[PDB]
Structures are given as structure tokens and as C-alpha cells.
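Written out below as C-alpha cells is the structure these notes cover.
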Amino acid sequence: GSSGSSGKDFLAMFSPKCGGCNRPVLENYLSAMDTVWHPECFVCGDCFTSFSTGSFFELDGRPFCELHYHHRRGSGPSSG
Ligand SMILES: [Zn+2]
Ligand SMILES: [Zn+2]
């Protein structure tokens, strides 16, 4: 009449992870919003376009493209 069990495998990694797949980025990784991302995931939220052409924009901690990024700021709900 005695049971018990200890010893599990928890997050054994401190390094950051893409803000989309939650994977440990090492090579060919980006650094946005004080975090890391993937050169394939890091894209807009609406049009979901790559940020290769130019630079991206941070809107409430979310990757967006000038096109939308701006549209949202104006005609639409926005906070300051
Ligand atoms: Zn990713
Ligand atoms: Zn967009």
C-alpha cells in the first residue's frame, strides 16, 4: 500500500523561440519585439506577406505591413 513517482522532463532550454511555431531558433533567425522569429513565419497578420521588401512595423506587439499597419492606425480601432 504505497505509490509514488518523481522525475519528469520539463523545458530543458532557455534560448528564445520563434513567435509563431515556438521553436528554438539558432541559424537564420530574426530579432523583433525583444524576441526572436523565423525568416518564414515572421509575416503580416492580415495580408500575411513577407517583410523582405522593406522594414516591418510593430502595432500592439504584432507584425504588420505598412499597407495594413497604416490602415489600422487610421480607419479602425487603435490604442495609445
Ligand atoms: Zn516559426
Ligand atoms: Zn498586411
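By convention in this document, the chains of the C-alpha cells carry letters A, B, ... by their order, each chain's residues are numbered from 1, and ligands are numbered from 1 in the order they are shown.
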Nearby residues (only C-alpha atoms) at most 7 Å from stretch 57-71 of chain A, same-chain spacing under 2 positions excluded, as a compact mmCIF listing (two decimals) with N, CA and C atoms, in the first residue's frame:
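Listing of out_24.txt after writing:
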# COMPACT_ATOMS: atom_id res chain seq x y z
N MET A 33 10.52 42.68 -31.49
CA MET A 33 9.74 42.76 -30.26
C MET A 33 10.50 42.13 -29.10
N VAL A 43 5.66 37.33 -40.61
CA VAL A 43 4.94 37.99 -41.69
C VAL A 43 3.74 38.77 -41.16
N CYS A 44 3.09 39.53 -42.04
CA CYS A 44 1.93 40.32 -41.65
C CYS A 44 0.84 39.43 -41.06
N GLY A 45 -0.14 40.05 -40.41
CA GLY A 45 -1.22 39.30 -39.80
C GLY A 45 -2.46 39.27 -40.68
N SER A 55 11.08 47.20 -44.39
CA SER A 55 11.03 47.00 -42.95
C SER A 55 9.60 46.76 -42.48
N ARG A 73 -4.08 51.97 -38.08
CA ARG A 73 -3.87 53.19 -37.30
C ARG A 73 -5.00 54.19 -37.55
N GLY A 74 -5.29 54.44 -38.82
CA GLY A 74 -6.35 55.38 -39.16
C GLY A 74 -7.73 54.78 -38.99
N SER A 75 -8.40 54.52 -40.11
CA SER A 75 -9.74 53.95 -40.08
C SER A 75 -9.75 52.60 -39.37
Could you pull out the residues sitting within 7 Å of ligand 1, using only C-alpha atoms and all ligand atoms, and write them as JSON, numbers by chain?
-> {"A": [18, 19, 20, 21, 22, 23, 37, 38, 40, 41]}
Print the selection's residues with N, CA, C and O atoms to a file, as a PDB file, in the first residue's frame.
ATOM      1  N   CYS A  18      10.906  31.184 -32.014  1.00  0.00           N
ATOM      2  CA  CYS A  18      10.083  31.943 -32.949  1.00  0.00           C
ATOM      3  C   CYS A  18       8.720  32.260 -32.342  1.00  0.00           C
ATOM      4  O   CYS A  18       8.109  31.417 -31.686  1.00  0.00           O
ATOM      5  N   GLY A  19       8.249  33.483 -32.564  1.00  0.00           N
ATOM      6  CA  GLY A  19       6.962  33.891 -32.033  1.00  0.00           C
ATOM      7  C   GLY A  19       5.803  33.396 -32.876  1.00  0.00           C
ATOM      8  O   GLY A  19       4.807  34.098 -33.049  1.00  0.00           O
ATOM      9  N   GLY A  20       5.934  32.184 -33.406  1.00  0.00           N
ATOM     10  CA  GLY A  20       4.882  31.618 -34.231  1.00  0.00           C
ATOM     11  C   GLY A  20       4.789  30.110 -34.098  1.00  0.00           C
ATOM     12  O   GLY A  20       3.696  29.558 -33.966  1.00  0.00           O
ATOM     13  N   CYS A  21       5.936  29.443 -34.135  1.00  0.00           N
ATOM     14  CA  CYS A  21       5.981  27.990 -34.020  1.00  0.00           C
ATOM     15  C   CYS A  21       6.514  27.568 -32.653  1.00  0.00           C
ATOM     16  O   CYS A  21       6.428  26.401 -32.275  1.00  0.00           O
ATOM     17  N   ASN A  22       7.063  28.529 -31.916  1.00  0.00           N
ATOM     18  CA  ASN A  22       7.610  28.258 -30.592  1.00  0.00           C
ATOM     19  C   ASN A  22       8.782  27.285 -30.676  1.00  0.00           C
ATOM     20  O   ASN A  22       8.945  26.418 -29.816  1.00  0.00           O
ATOM     21  N   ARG A  23       9.595  27.434 -31.716  1.00  0.00           N
ATOM     22  CA  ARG A  23      10.751  26.569 -31.914  1.00  0.00           C
ATOM     23  C   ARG A  23      12.047  27.315 -31.610  1.00  0.00           C
ATOM     24  O   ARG A  23      12.153  28.527 -31.797  1.00  0.00           O
ATOM     25  N   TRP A  37      12.345  35.404 -34.151  1.00  0.00           N
ATOM     26  CA  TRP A  37      11.328  34.938 -35.087  1.00  0.00           C
ATOM     27  C   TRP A  37      11.954  34.113 -36.206  1.00  0.00           C
ATOM     28  O   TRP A  37      13.170  33.924 -36.246  1.00  0.00           O
ATOM     29  N   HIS A  38      11.116  33.622 -37.114  1.00  0.00           N
ATOM     30  CA  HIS A  38      11.588  32.818 -38.235  1.00  0.00           C
ATOM     31  C   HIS A  38      11.486  33.596 -39.543  1.00  0.00           C
ATOM     32  O   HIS A  38      10.532  34.338 -39.780  1.00  0.00           O
ATOM     33  N   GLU A  40      10.558  32.776 -42.159  1.00  0.00           N
ATOM     34  CA  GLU A  40       9.493  32.208 -42.978  1.00  0.00           C
ATOM     35  C   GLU A  40       8.126  32.487 -42.362  1.00  0.00           C
ATOM     36  O   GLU A  40       7.126  32.611 -43.072  1.00  0.00           O
ATOM     37  N   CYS A  41       8.087  32.582 -41.038  1.00  0.00           N
ATOM     38  CA  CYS A  41       6.844  32.845 -40.324  1.00  0.00           C
ATOM     39  C   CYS A  41       6.633  34.345 -40.132  1.00  0.00           C
ATOM     40  O   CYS A  41       5.550  34.869 -40.392  1.00  0.00           O
TER      41      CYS A  41
END
Among the residues of chain A, find those DSSP assigns to strand (DSSP E or B) from the backbone and print them as a list in words.
->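 Here are the strand (DSSP E or B) residues of chain A: residues 30, 31, 32, 35, 36, 37, 43, 50, 57, 58, 63 and 64 of chain A.
From atom CA of residue A:32 back to atom CA of residue A:78, the distance works out to 20.9 Å.
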If you count only C-alpha atoms, which residues fall within 9 Å of residue A:26, apart from same-chain ones fewer than 3 positions away, as a PyMOL selection string?
-> chain A and resi 15-17+29
Expected answer as a PyMOL selection string: helix (DSSP H, G or I) residues in chain A = chain A and resi 66-73
Could the residues in this selection be saved with N, CA, C and O atoms as a PDB file, in the first residue's frame?
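Here's the written file part.pdb:
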ATOM      1  N   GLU A  66       3.303  47.845 -43.691  1.00  0.00           N
ATOM      2  CA  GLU A  66       2.949  49.251 -43.850  1.00  0.00           C
ATOM      3  C   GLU A  66       1.510  49.399 -44.335  1.00  0.00           C
ATOM      4  O   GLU A  66       0.687  50.043 -43.685  1.00  0.00           O
ATOM      5  N   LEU A  67       1.214  48.797 -45.482  1.00  0.00           N
ATOM      6  CA  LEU A  67      -0.126  48.862 -46.057  1.00  0.00           C
ATOM      7  C   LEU A  67      -1.190  48.800 -44.965  1.00  0.00           C
ATOM      8  O   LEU A  67      -1.900  49.776 -44.720  1.00  0.00           O
ATOM      9  N   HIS A  68      -1.293  47.648 -44.310  1.00  0.00           N
ATOM     10  CA  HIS A  68      -2.268  47.460 -43.241  1.00  0.00           C
ATOM     11  C   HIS A  68      -1.894  48.284 -42.014  1.00  0.00           C
ATOM     12  O   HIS A  68      -2.682  49.104 -41.540  1.00  0.00           O
ATOM     13  N   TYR A  69      -0.689  48.062 -41.503  1.00  0.00           N
ATOM     14  CA  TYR A  69      -0.211  48.781 -40.328  1.00  0.00           C
ATOM     15  C   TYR A  69      -0.768  50.202 -40.295  1.00  0.00           C
ATOM     16  O   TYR A  69      -1.258  50.665 -39.266  1.00  0.00           O
ATOM     17  N   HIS A  70      -0.689  50.887 -41.432  1.00  0.00           N
ATOM     18  CA  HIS A  70      -1.186  52.254 -41.535  1.00  0.00           C
ATOM     19  C   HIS A  70      -2.712  52.282 -41.515  1.00  0.00           C
ATOM     20  O   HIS A  70      -3.319  53.024 -40.744  1.00  0.00           O
ATOM     21  N   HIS A  71      -3.324  51.467 -42.368  1.00  0.00           N
ATOM     22  CA  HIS A  71      -4.779  51.398 -42.450  1.00  0.00           C
ATOM     23  C   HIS A  71      -5.393  51.241 -41.062  1.00  0.00           C
ATOM     24  O   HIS A  71      -6.347  51.938 -40.712  1.00  0.00           O
ATOM     25  N   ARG A  72      -4.840  50.324 -40.276  1.00  0.00           N
ATOM     26  CA  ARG A  72      -5.335  50.075 -38.927  1.00  0.00           C
ATOM     27  C   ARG A  72      -5.250  51.338 -38.075  1.00  0.00           C
ATOM     28  O   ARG A  72      -6.223  51.730 -37.430  1.00  0.00           O
ATOM     29  N   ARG A  73      -4.082  51.972 -38.078  1.00  0.00           N
ATOM     30  CA  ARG A  73      -3.870  53.189 -37.305  1.00  0.00           C
ATOM     31  C   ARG A  73      -4.997  54.190 -37.546  1.00  0.00           C
ATOM     32  O   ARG A  73      -5.584  54.718 -36.603  1.00  0.00           O
TER      33      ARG A  73
END
What does the distance between atom CA of residue A:39 and atom CA of residue A:51 come to in Å, to one decimal place?
->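 Atom-to-atom, atom CA of residue A:39 to atom CA of residue A:51, that is 8.8 Å.
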Shortest interatomic distance to ligand 2 - which of A:9, A:56, A:3, A:76, counting only C-alpha atoms and all ligand atoms =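 For ligand 2, the nearest of the given residues is A:56.
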